[PDB]
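A.B. asks: Please see the structure below; I have some questions.
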Amino acid sequence: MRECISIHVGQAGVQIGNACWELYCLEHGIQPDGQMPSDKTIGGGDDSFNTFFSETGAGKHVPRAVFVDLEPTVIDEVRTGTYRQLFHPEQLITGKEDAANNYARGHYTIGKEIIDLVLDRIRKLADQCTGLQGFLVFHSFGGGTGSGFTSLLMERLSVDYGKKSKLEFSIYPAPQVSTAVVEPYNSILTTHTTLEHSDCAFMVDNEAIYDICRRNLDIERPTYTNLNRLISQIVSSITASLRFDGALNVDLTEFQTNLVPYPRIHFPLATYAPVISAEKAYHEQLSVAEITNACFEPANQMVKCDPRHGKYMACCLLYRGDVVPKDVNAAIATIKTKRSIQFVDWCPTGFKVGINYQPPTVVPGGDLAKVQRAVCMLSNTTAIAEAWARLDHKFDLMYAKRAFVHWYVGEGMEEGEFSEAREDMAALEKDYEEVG
Amino acid sequence: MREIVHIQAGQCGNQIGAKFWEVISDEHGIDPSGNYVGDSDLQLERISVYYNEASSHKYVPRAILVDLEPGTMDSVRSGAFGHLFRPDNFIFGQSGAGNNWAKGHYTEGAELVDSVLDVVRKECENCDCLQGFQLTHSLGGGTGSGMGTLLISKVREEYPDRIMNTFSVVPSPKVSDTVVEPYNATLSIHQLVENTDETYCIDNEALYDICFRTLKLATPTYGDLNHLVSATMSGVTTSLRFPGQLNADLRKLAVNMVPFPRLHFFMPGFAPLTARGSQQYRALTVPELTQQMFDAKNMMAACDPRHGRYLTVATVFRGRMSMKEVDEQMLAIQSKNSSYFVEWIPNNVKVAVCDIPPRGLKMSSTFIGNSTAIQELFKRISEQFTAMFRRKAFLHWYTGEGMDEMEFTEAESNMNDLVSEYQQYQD
Ligand SMILES: COc1ccc(C[C@@H]2NC(=O)/C=C/C[C@@H]([C@H](C)[C@H]3O[C@@H]3c3ccccc3)OC(=O)[C@H](CC(C)C)OC(=O)[C@H](C)CNC2=O)cc1Cl
Ligand SMILES: Nc1nc2c(ncn2[C@@H]2O[C@H](COP(=O)(O)OP(=O)(O)OP(=O)(O)O)[C@@H](O)[C@H]2O)c(=O)[nH]1
Ligand SMILES: Nc1nc2c(ncn2[C@@H]2O[C@H](COP(=O)(O)OP(=O)(O)O)[C@@H](O)[C@H]2O)c(=O)[nH]1
């Protein structure tokens with residue numbers, strides 16, 4: 001049998017972990033008790049969903065995952081929430097001092113004095129499992145925890161587990177919900193120390209998700225609840241392949257192979273069509289071809305970028321419920337007709353497809369409107385240059401004034417080191433520029 | 001009776017070899033149970049070379065099937081000779097054949113090939129005399145090439161005084177996908193060249209271009225390819241199986257055929273090509289047969305021999321026709337196509353005739369060539385690798401399991417050397 005471990009670092013990370021995990025438990029027919037679907041009820045399952053949950057004696061399907069933060073602000077806040085008994089008490093760690101938007105705070109002050117406990121817990125959890133494949137990372141650029149602790153933890157993992165792959169679910173930060181102006185600094189400081197250990201990363205854009213929750217989801221003041229639920233839905237729409245059945249993009253290694261040409265460049269865009277708002281009953285109907293052709297629109301692209309102005313490298317999809325391959329191929333052929341899309345001049349660039357036999361499951365008391373068709377494009381479009389260069393520009397504006405430098409310097413960083421990292425990511429931008 | 005040990009590995013290798021063995025057994029008439037149900041005594045006169053003997057006087061073909069995906073017999077029984085191969089030597093792997101060289105060629109699978117070599121060594125000695133080794137696979141990436149050239153290295157190590165032979169298939173980006181293979185091929189053949197001198201390059205691209213365009217096909221399946229290959233590379237060895245004029249042994253085949261220790265890539269053809277149709281067809285005549293012989297489209301390689309020159313040509317006719325008149329049109333071709341052949345090598349037309357006809361066909365002839373033409377195919381596979389080496393795609397696993405960039409560069413250097421040799425000997 002196989003298995004995987006999802007890590008959860010940072011306040012944002014653990015919020016999204018709660019939302020995602022509750023949605024996943026709901027979807028498979030599991031319940032906050034996890035009584036039994038149809039199986040042996042003790043060491044049962046045998047379908048793909050066992051790779052996330054494992055039954056205890058009661059057949060509870062305990063999710064072998066952990067949540068981490070440096071302050072007992074949110075960890076406890078959900079430890080006495082809906083899923084109190086779903087996870088193991090004393091299997092959720094609570095730090096003491098908040099990283100307070102300081103990357104070095106999570107890197108050499110407080111996270112460095114606790115990481116040993118996290119390593120012990122994850123290693124014990126791995127000893128409990130038998131079929132580990134890799135790791136799923138939920139963190140954020142902006143926060144000190146979700147960047148410094150993330151980087152240091154994954155460095156330790158790459159030191160001790162040097163074979164398995166790993167996938168990062170980070171959150172690209174936005175000014176409109178910004179809670180710091182040291183946020184580009186932490187973002188660069190962590191990401192410059194990821195490529196050497198990172199394998200693939202799924203970063204989500206706050207401004208993009210915010211525009212989704214408003215322009216189509218009918219919200220004006222979205223809290224973390226709205227954005228978090230929507231991103232949990234899109235993350236489920238991505239990982240459904242690993243959740244259910246043998247199809248396109250089953251394994252993490254398969255993920256990266258289908259997606260990652262060159263090890264340094266492992267940032268793929270992602271989309272998920274159904275963003276239809278809410279209890280608003282029906283203004284139109286659904287269609288496979290409709291959603292498939294509307295997928296290419298810049299509407300739902302997880303990160304704001306201009307794909308039509310950049311050469312592609314690959315294209316994967318995934319569909320929920322209402323299976324029939326024929327019209328799927330017809331839709332592919334219709335969209336195949338080269339309006340303005342381009343591809344790679346030295347390899348086949350077919351639209352790989354793998355379909356699933358289950359319609360999307362919506363939260364029982366939330367905003368999203370029930371649907372049964374869906375697409376999920378994991379395009380490896382080069383056009384994420386734009387966003388990375390925008391963040392780099394926002395970075396190097398504040399380096400002529402030496403702003404905020406001392407705050408990171410005081411705990412063990414170096415002033416000129418930032419220039420090395422900036423040149424590293426200028427070279428990465430050059431690497432995107434290379435493909436032409 | 002110099003017997004031959006048959007080596008065979010890989011998903012594609014087993015797919016092609018099953019149908020090949022079925023074709024040869026049917027032509028020799030031994031029942032799919034494993035008993036002689038032929039139609040004459042000109043079959044078993046010396047055929048022990050391919051078919052050994054059991055205690056109960058039933059025969060037993062000797063050929064090894066190996067892989068790395070655990071299920072092979074589960075797929076070998078897909079034809080009609082599953083249990084027919086002796087049921088104790090279907091050595092199976094554990095993982096599969098992802099398109100990763102050195103995943104079978106350095107670390108894993110290589111652990112299994114030690115036992116594989118022990119088993120084949122045990123298998124060899126029982127015969128009265130040994131002829132050599134010959135191997136059927138494809139240059140396709142994913143445990144297909146690794147195990148192949150690896151076992152080539154060790155067999156050449158153990159028996160230098162014998163002869164290797166490869167029935168490998170060049171992959172091509174028209175029928176297939178999963179494009180990292182140019183690496184796998186242009187790296188494995190890089191040491192196949194030094195390690196072997198007896199090769200047949202059945203171009204998969206040519207097989208598609210003739211099977212789908214001018215053979216009335218719409219989606220060429222793998223059995224579709226298997227039909228044509230199990231025809232041609234089964235009729236290639238009739239000279240070995242049947243007594244005749246050019247009975248030349250592996251060593252003698254080479255010395256008649258291979259001038260230089262590297263320029264040994266034969267490009268075969270087969271005039272009466274036929275898609276899978278139960279009805280045979282209208283009859284054909286000897287001049288028509290020997291004219292479709294040099295049909296550029298008919299060629300199992302990626303070139304038109306009109307575009308180049310030959311070095312050492314063979315031919316094996318089969319059926320009942322004018323035995324002694326074939327020399328007339330052989331010399332007619334020689335006289336009217338002197339430019340097609342080369343002056344450096346005179347009398348390059350070794351010809352022979354076999355009485356027996358093939359299954360489901362009366363008049364036919366297997367062909368073997370050796371020309372500068374395959375320079376075109378090698379230039380194709382070299383460009384279709386160099387235009388993509390600049391981007392360093394997917395070399396992560398290769399550079400992680402035990403390769404290095406200098407190896408890639410020196411393989412490119414060797415293949416440019418071979419294309420240079422073909423070019424200059426054409427000049
Ligand atoms: C631009 O980026 C692209 C991305 C995708 C595609 C199309 C995409 N693929 C490739 O050409 C990538 C080839 C690499 C190759 C590397 C170099 C070998 O070490 C690999 C390995 C094998 C087994 C175990 C461990 C390692 O991996 C693989 O063998 C795997 C197959 C499975 C086993 C993961 O990969 C695929 O082929 C995928 C799953 C099937 N589909 C495709 O047709 C084209 C491009 Cl151009
Ligand atoms: N989508 C989404 N973004 C969030 C959420 N919580 C925080 N963010 C964003 O994530 C970025 C920083 O993450 P935070 O959670 O604030 O920081 P942290 O990881 O707790 O870090 P410290 O405060 O230094 O301990 C900002 O851009 C926030 O707006 C959430 O629940 N959902
Ligand atoms: N000639 C031929 N080629 C095939 C066949 N099936 C697949 N191929 C292609 O030729 C190569 C087959 O060799 P290999 O890669 O070792 O097959 P594998 O063992 O399945 O990985 C691959 O590149 C395939 O794309 C077949 O039946 N015949």
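Chain identifiers are assigned as A, B, and so on, following the order in which chains appear in the structure tokens; residues are numbered from 1 within each chain, and ligands are numbered from 1 in order of appearance.
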Give me, as a PyMOL selection string, the contact residues of chain B against chain A at a cut-off of 10 Å, counting only C-alpha atoms.

C.D. replies: chain B and resi 173-174+176-180+384-385+387-389+391-396

A.B. asks: Just write the chosen residues, N, CA, C and O atoms, as a PDB file, in the first residue's frame.

C.D. replies:
```pdb
ATOM      1  N   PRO B 173       9.303  10.130 -33.581  1.00  0.00           N
ATOM      2  CA  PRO B 173       8.258  11.039 -33.095  1.00  0.00           C
ATOM      3  C   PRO B 173       7.139  11.291 -34.102  1.00  0.00           C
ATOM      4  O   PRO B 173       6.780  12.437 -34.393  1.00  0.00           O
ATOM      5  N   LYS B 174       6.579  10.217 -34.654  1.00  0.00           N
ATOM      6  CA  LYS B 174       5.409  10.350 -35.510  1.00  0.00           C
ATOM      7  C   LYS B 174       4.289   9.444 -35.019  1.00  0.00           C
ATOM      8  O   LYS B 174       3.114   9.825 -35.038  1.00  0.00           O
ATOM      9  N   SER B 176       4.523   7.852 -31.872  1.00  0.00           N
ATOM     10  CA  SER B 176       4.611   7.662 -30.434  1.00  0.00           C
ATOM     11  C   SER B 176       4.685   9.006 -29.709  1.00  0.00           C
ATOM     12  O   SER B 176       4.482  10.074 -30.289  1.00  0.00           O
ATOM     13  N   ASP B 177       4.991   8.922 -28.416  1.00  0.00           N
ATOM     14  CA  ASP B 177       4.912  10.021 -27.464  1.00  0.00           C
ATOM     15  C   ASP B 177       6.005   9.843 -26.419  1.00  0.00           C
ATOM     16  O   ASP B 177       7.027   9.216 -26.710  1.00  0.00           O
ATOM     17  N   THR B 178       5.832  10.444 -25.237  1.00  0.00           N
ATOM     18  CA  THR B 178       6.772  10.373 -24.108  1.00  0.00           C
ATOM     19  C   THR B 178       8.205  10.655 -24.574  1.00  0.00           C
ATOM     20  O   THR B 178       9.107   9.820 -24.511  1.00  0.00           O
ATOM     21  N   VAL B 179       8.385  11.894 -25.019  1.00  0.00           N
ATOM     22  CA  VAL B 179       9.591  12.279 -25.764  1.00  0.00           C
ATOM     23  C   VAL B 179      10.641  12.683 -24.736  1.00  0.00           C
ATOM     24  O   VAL B 179      10.865  13.856 -24.427  1.00  0.00           O
ATOM     25  N   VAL B 180      11.311  11.671 -24.195  1.00  0.00           N
ATOM     26  CA  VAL B 180      12.663  11.779 -23.670  1.00  0.00           C
ATOM     27  C   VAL B 180      13.569  10.748 -24.312  1.00  0.00           C
ATOM     28  O   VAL B 180      14.780  10.754 -24.078  1.00  0.00           O
ATOM     29  N   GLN B 384      17.136  15.421 -33.872  1.00  0.00           N
ATOM     30  CA  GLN B 384      15.965  15.305 -33.006  1.00  0.00           C
ATOM     31  C   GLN B 384      16.350  15.058 -31.530  1.00  0.00           C
ATOM     32  O   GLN B 384      15.521  14.824 -30.645  1.00  0.00           O
ATOM     33  N   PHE B 385      17.645  15.151 -31.279  1.00  0.00           N
ATOM     34  CA  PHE B 385      18.275  15.082 -29.967  1.00  0.00           C
ATOM     35  C   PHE B 385      19.119  16.308 -29.664  1.00  0.00           C
ATOM     36  O   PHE B 385      19.130  16.777 -28.523  1.00  0.00           O
ATOM     37  N   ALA B 387      18.755  19.382 -31.114  1.00  0.00           N
ATOM     38  CA  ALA B 387      17.900  20.561 -31.032  1.00  0.00           C
ATOM     39  C   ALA B 387      17.223  20.683 -29.676  1.00  0.00           C
ATOM     40  O   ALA B 387      16.706  21.755 -29.347  1.00  0.00           O
ATOM     41  N   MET B 388      17.221  19.611 -28.881  1.00  0.00           N
ATOM     42  CA  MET B 388      16.597  19.616 -27.568  1.00  0.00           C
ATOM     43  C   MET B 388      17.598  19.494 -26.427  1.00  0.00           C
ATOM     44  O   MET B 388      17.273  19.874 -25.300  1.00  0.00           O
ATOM     45  N   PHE B 389      18.822  19.034 -26.699  1.00  0.00           N
ATOM     46  CA  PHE B 389      19.850  19.001 -25.665  1.00  0.00           C
ATOM     47  C   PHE B 389      20.209  20.385 -25.141  1.00  0.00           C
ATOM     48  O   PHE B 389      20.697  20.496 -24.011  1.00  0.00           O
ATOM     49  N   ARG B 391      18.295  22.618 -24.117  1.00  0.00           N
ATOM     50  CA  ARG B 391      17.409  22.963 -23.015  1.00  0.00           C
ATOM     51  C   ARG B 391      17.565  22.051 -21.805  1.00  0.00           C
ATOM     52  O   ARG B 391      16.925  22.304 -20.779  1.00  0.00           O
ATOM     53  N   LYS B 392      18.385  21.004 -21.900  1.00  0.00           N
ATOM     54  CA  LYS B 392      18.751  20.173 -20.750  1.00  0.00           C
ATOM     55  C   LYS B 392      17.537  19.524 -20.092  1.00  0.00           C
ATOM     56  O   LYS B 392      17.539  19.258 -18.888  1.00  0.00           O
ATOM     57  N   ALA B 393      16.493  19.265 -20.873  1.00  0.00           N
ATOM     58  CA  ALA B 393      15.246  18.767 -20.314  1.00  0.00           C
ATOM     59  C   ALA B 393      15.419  17.384 -19.700  1.00  0.00           C
ATOM     60  O   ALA B 393      16.097  16.513 -20.250  1.00  0.00           O
ATOM     61  N   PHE B 394      14.813  17.202 -18.528  1.00  0.00           N
ATOM     62  CA  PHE B 394      14.602  15.888 -17.927  1.00  0.00           C
ATOM     63  C   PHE B 394      15.875  15.141 -17.563  1.00  0.00           C
ATOM     64  O   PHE B 394      15.805  13.988 -17.127  1.00  0.00           O
ATOM     65  N   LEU B 395      17.040  15.762 -17.715  1.00  0.00           N
ATOM     66  CA  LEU B 395      18.259  15.067 -17.328  1.00  0.00           C
ATOM     67  C   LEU B 395      18.421  14.954 -15.820  1.00  0.00           C
ATOM     68  O   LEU B 395      19.477  14.510 -15.363  1.00  0.00           O
ATOM     69  N   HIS B 396      17.413  15.351 -15.044  1.00  0.00           N
ATOM     70  CA  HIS B 396      17.518  15.285 -13.590  1.00  0.00           C
ATOM     71  C   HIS B 396      17.719  13.851 -13.117  1.00  0.00           C
ATOM     72  O   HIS B 396      18.661  13.556 -12.374  1.00  0.00           O
TER      73      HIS B 396
END
```

A.B. asks: Identify, counting only C-alpha atoms and all ligand atoms, the protein, DNA and RNA residues located within 9 Å of ligand 2, and give them as number ranges by chain.

C.D. replies: A: 9-16, 69-71, 74, 97-103, 105-106, 139-147, 170-180, 183, 204-206, 209-210, 223-231

A.B. asks: I need the residues of segment 276-317 of chain A that end up classed as alpha helix (DSSP H) by DSSP on the backbone, written out as a ChimeraX atom specification.

C.D. replies: /A:288-295

A.B. asks: Residues near residue 39 of chain B, anyone? I mean within 10 Å using only C-alpha atoms, not counting same-chain ones fewer than 2 positions away, as an MDAnalysis selection string.

C.D. replies: chainID B and resid 28:30 36:37 41:43

A.B. asks: Let me see if you get this right: every residue at most 7 Å from ligand 3, counting only C-alpha atoms and all ligand atoms, written as a ChimeraX atom specification.

C.D. replies: /B:10-12,15-16,97-99,138-145,169,171,176-177,181,204,222-223,225-226

A.B. asks: Mind listing the strand (DSSP E or B) residues of segment 157-353 of chain B, per DSSP on the backbone, as a compact mmCIF listing (two decimals) with N, CA, C and O atoms, in the first residue's frame?

C.D. replies:
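To be explicit, this is the file written out as states-v6.txt:
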```txt
# COMPACT_ATOMS: atom_id res chain seq x y z
N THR B 166 21.49 -7.82 -33.17
CA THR B 166 20.43 -7.00 -32.61
C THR B 166 19.32 -6.80 -33.64
O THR B 166 19.59 -6.42 -34.78
N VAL B 169 14.71 -1.71 -32.72
CA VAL B 169 13.81 -0.83 -33.46
C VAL B 169 14.08 0.60 -33.05
O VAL B 169 14.08 0.92 -31.85
N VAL B 170 14.30 1.47 -34.03
CA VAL B 170 14.52 2.88 -33.72
C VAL B 170 13.18 3.55 -33.44
O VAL B 170 12.25 3.45 -34.27
N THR B 199 23.45 -5.70 -36.82
CA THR B 199 22.28 -4.92 -36.45
C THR B 199 21.30 -4.83 -37.61
O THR B 199 21.70 -4.77 -38.77
N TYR B 200 20.01 -4.78 -37.28
CA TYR B 200 18.95 -4.47 -38.23
C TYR B 200 18.14 -3.31 -37.69
O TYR B 200 17.55 -3.41 -36.60
N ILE B 202 15.06 -1.60 -38.10
CA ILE B 202 13.68 -1.57 -38.59
C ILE B 202 13.09 -0.23 -38.16
O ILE B 202 12.71 -0.06 -37.00
N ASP B 203 13.02 0.73 -39.08
CA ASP B 203 12.55 2.06 -38.72
C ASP B 203 11.06 2.03 -38.43
O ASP B 203 10.25 1.72 -39.31
N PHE B 265 25.05 -1.28 -39.98
CA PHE B 265 23.63 -1.07 -39.77
C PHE B 265 22.88 -1.45 -41.05
O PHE B 265 22.82 -0.66 -42.00
N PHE B 266 22.32 -2.66 -41.06
CA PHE B 266 21.61 -3.15 -42.23
C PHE B 266 20.18 -2.63 -42.24
O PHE B 266 19.50 -2.62 -41.21
N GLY B 269 14.18 -4.77 -46.23
CA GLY B 269 12.95 -4.52 -46.96
C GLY B 269 12.26 -5.84 -47.26
O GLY B 269 12.80 -6.92 -47.01
N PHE B 270 11.05 -5.75 -47.80
CA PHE B 270 10.24 -6.94 -48.06
C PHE B 270 9.19 -6.59 -49.11
O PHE B 270 8.25 -5.85 -48.80
N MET B 299 11.10 0.06 -48.05
CA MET B 299 12.27 -0.10 -47.21
C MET B 299 11.86 0.04 -45.74
O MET B 299 11.15 0.99 -45.38
N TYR B 310 25.00 1.45 -52.12
CA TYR B 310 25.07 0.25 -51.30
C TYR B 310 26.52 -0.17 -51.09
O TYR B 310 27.43 0.28 -51.79
N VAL B 313 25.12 -6.38 -50.36
CA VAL B 313 23.70 -6.71 -50.49
C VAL B 313 23.53 -8.22 -50.43
O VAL B 313 24.33 -8.97 -51.00
N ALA B 314 22.48 -8.66 -49.74
CA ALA B 314 22.02 -10.04 -49.79
C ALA B 314 20.60 -10.08 -50.35
O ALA B 314 20.01 -9.05 -50.65
N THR B 315 20.06 -11.29 -50.48
CA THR B 315 18.69 -11.52 -50.92
C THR B 315 18.37 -12.99 -50.71
O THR B 315 19.23 -13.85 -50.91
N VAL B 316 17.13 -13.27 -50.32
CA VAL B 316 16.68 -14.65 -50.16
C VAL B 316 15.31 -14.80 -50.79
O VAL B 316 14.29 -14.42 -50.19
N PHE B 317 15.26 -15.34 -52.00
CA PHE B 317 13.98 -15.61 -52.64
C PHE B 317 13.34 -16.84 -52.01
O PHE B 317 13.99 -17.66 -51.36
N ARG B 318 12.03 -16.97 -52.22
CA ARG B 318 11.30 -18.11 -51.67
C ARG B 318 10.05 -18.36 -52.50
O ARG B 318 9.31 -17.43 -52.81
N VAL B 349 26.62 -8.47 -54.84
CA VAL B 349 25.29 -9.06 -54.91
C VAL B 349 25.28 -10.54 -54.61
O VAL B 349 25.23 -11.37 -55.52
N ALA B 352 20.65 -15.89 -53.21
CA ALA B 352 20.32 -17.29 -52.99
C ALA B 352 18.81 -17.45 -53.18
O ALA B 352 18.08 -16.47 -53.33
N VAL B 353 18.37 -18.70 -53.18
CA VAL B 353 16.96 -19.04 -53.40
C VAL B 353 16.59 -20.19 -52.48
O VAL B 353 17.32 -21.17 -52.36
```

A.B. asks: With only C-alpha atoms as the counted atoms, please give the residues lying no more than 10 Å from segment 285-288 of chain B, apart from itself and same-chain residues fewer than 3 positions off, as a VMD selection string.

C.D. replies: chain B and resid 271 to 272 291 to 293 317 321 to 322 325 to 326 329 363 to 365

A.B. asks: With a cut-off of 12 Å, could you pull out the residues of chain A touching ligand 1 and give me the nearest pair of atoms for each, distance in Å to one decimal, using only C-alpha atoms and all ligand atoms, ordered by chain and ascending number, as a Markdown table?

C.D. replies:
```
| residue | atom | partner | partner_atom_place_in_ligand_line | distance |
| --- | --- | --- | --- | --- |
| A:163 | CA | ligand 1 | 25 (C) | 10.8 |
| A:164 | CA | ligand 1 | 25 (C) | 11.0 |
| A:165 | CA | ligand 1 | 25 (C) | 11.1 |
| A:247 | CA | ligand 1 | 39 (C) | 10.8 |
| A:248 | CA | ligand 1 | 39 (C) | 8.2 |
| A:249 | CA | ligand 1 | 39 (C) | 7.4 |
| A:250 | CA | ligand 1 | 39 (C) | 9.1 |
| A:251 | CA | ligand 1 | 34 (C) | 7.9 |
| A:252 | CA | ligand 1 | 34 (C) | 8.8 |
| A:253 | CA | ligand 1 | 34 (C) | 5.8 |
| A:254 | CA | ligand 1 | 34 (C) | 4.4 |
| A:255 | CA | ligand 1 | 39 (C) | 7.4 |
| A:256 | CA | ligand 1 | 4 (C) | 8.1 |
| A:257 | CA | ligand 1 | 35 (O) | 4.6 |
| A:258 | CA | ligand 1 | 5 (C) | 3.9 |
| A:259 | CA | ligand 1 | 4 (C) | 4.9 |
| A:260 | CA | ligand 1 | 2 (O) | 5.7 |
| A:261 | CA | ligand 1 | 2 (O) | 4.2 |
| A:262 | CA | ligand 1 | 2 (O) | 7.9 |
| A:263 | CA | ligand 1 | 2 (O) | 10.8 |
| A:265 | CA | ligand 1 | 2 (O) | 10.6 |
| A:266 | CA | ligand 1 | 2 (O) | 10.4 |
| A:268 | CA | ligand 1 | 2 (O) | 11.1 |
| A:311 | CA | ligand 1 | 1 (C) | 10.9 |
| A:312 | CA | ligand 1 | 1 (C) | 8.4 |
| A:313 | CA | ligand 1 | 1 (C) | 4.7 |
| A:314 | CA | ligand 1 | 4 (C) | 5.7 |
| A:315 | CA | ligand 1 | 5 (C) | 8.4 |
| A:316 | CA | ligand 1 | 5 (C) | 9.3 |
| A:343 | CA | ligand 1 | 1 (C) | 9.1 |
| A:344 | CA | ligand 1 | 46 (Cl) | 6.8 |
| A:345 | CA | ligand 1 | 46 (Cl) | 8.9 |
| A:346 | CA | ligand 1 | 46 (Cl) | 7.2 |
| A:347 | CA | ligand 1 | 46 (Cl) | 4.8 |
| A:348 | CA | ligand 1 | 44 (C) | 6.3 |
| A:349 | CA | ligand 1 | 44 (C) | 6.3 |
| A:350 | CA | ligand 1 | 7 (C) | 7.7 |
| A:351 | CA | ligand 1 | 7 (C) | 9.5 |
| A:352 | CA | ligand 1 | 43 (O) | 8.0 |
| A:353 | CA | ligand 1 | 41 (N) | 10.8 |
| A:378 | CA | ligand 1 | 4 (C) | 11.4 |
| A:379 | CA | ligand 1 | 4 (C) | 10.2 |
| A:380 | CA | ligand 1 | 1 (C) | 8.0 |
| A:381 | CA | ligand 1 | 1 (C) | 9.8 |
| A:382 | CA | ligand 1 | 1 (C) | 10.5 |
| A:435 | CA | ligand 1 | 1 (C) | 11.0 |
```

A.B. asks: Which is closer to residue 61 of chain A than all the others in A:33, A:322, A:245, A:367, using only C-alpha atoms?

C.D. replies: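 Checking each of A:33, A:322, A:245, A:367 against residue 61 of chain A, counting only C-alpha atoms, the winner is A:33.
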
A.B. asks: Report as a ChimeraX atom specification all protein, DNA and RNA residues lying within 8 Å of residue 8 of chain A, evaluated on only C-alpha atoms, omitting residues in the same chain fewer than 5 positions from it.

C.D. replies: /A:13-14,17,65-68,137-139

A.B. asks: Restricting it to C-alpha atoms, dump the selection as a PDB file, in the first residue's frame.

C.D. replies:
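Dumped to out.pdb:
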```pdb
ATOM      1  CA  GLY A  13      -1.604  27.126   6.338  1.00  0.00           C
ATOM      2  CA  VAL A  14      -3.556  25.583   9.188  1.00  0.00           C
ATOM      3  CA  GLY A  17      -5.699  22.682   6.211  1.00  0.00           C
ATOM      4  CA  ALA A  65      -1.099  14.866   9.218  1.00  0.00           C
ATOM      5  CA  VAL A  66      -0.011  17.622  11.593  1.00  0.00           C
ATOM      6  CA  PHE A  67      -0.570  21.361  12.004  1.00  0.00           C
ATOM      7  CA  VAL A  68       2.171  23.761  13.085  1.00  0.00           C
ATOM      8  CA  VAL A 137       3.207  21.723   2.075  1.00  0.00           C
ATOM      9  CA  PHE A 138       0.718  24.422   3.109  1.00  0.00           C
ATOM     10  CA  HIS A 139       2.486  27.700   3.918  1.00  0.00           C
TER      11      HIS A 139
END
```

A.B. asks: Write out as JSON, numbers by chain the residues lying within 6 Å of residue 65 of chain B, counting only C-alpha atoms and excluding same-chain residues fewer than 4 positions away.

C.D. replies: {"B": [8, 9, 90]}

A.B. asks: List as a ChimeraX atom specification the protein and nucleic acid residues near segment 21-23 of chain A, meaning an atom at most 10 Å away when only C-alpha atoms are counted, but skip any in the same chain fewer than 4 places from it.

C.D. replies: /A:15-17,27-28,30-32,52,63,65,82-83,86,229,232-233,236,361-364

A.B. asks: So how far away is atom CA of residue 250 of chain B from atom CA of residue 192 of chain B, in Å?

C.D. replies: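 Computed distance, atom CA of residue 192 of chain B to atom CA of residue 250 of chain B, equals 17.5 Å.
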
A.B. asks: Looking at only C-alpha atoms, which of B:354, B:215, B:368, B:342 is the one that sits closest to residue 198 of chain B?

C.D. replies: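 Smallest separation from residue 198 of chain B among the options: B:368.
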
A.B. asks: For atom CA of residue 88 of chain B and atom CA of residue 113 of chain B, determine how far apart the two atoms are, in Å to one decimal place.

C.D. replies: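 Result for atom CA of residue 88 of chain B versus atom CA of residue 113 of chain B: 16.1 Å, one decimal.
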
A.B. asks: Please measure the separation of atom CA of residue 110 of chain B and atom CA of residue 151 of chain B, giving the value in Å to one decimal.

C.D. replies: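 Separation of atom CA of residue 110 of chain B and atom CA of residue 151 of chain B: 9.1 Å.
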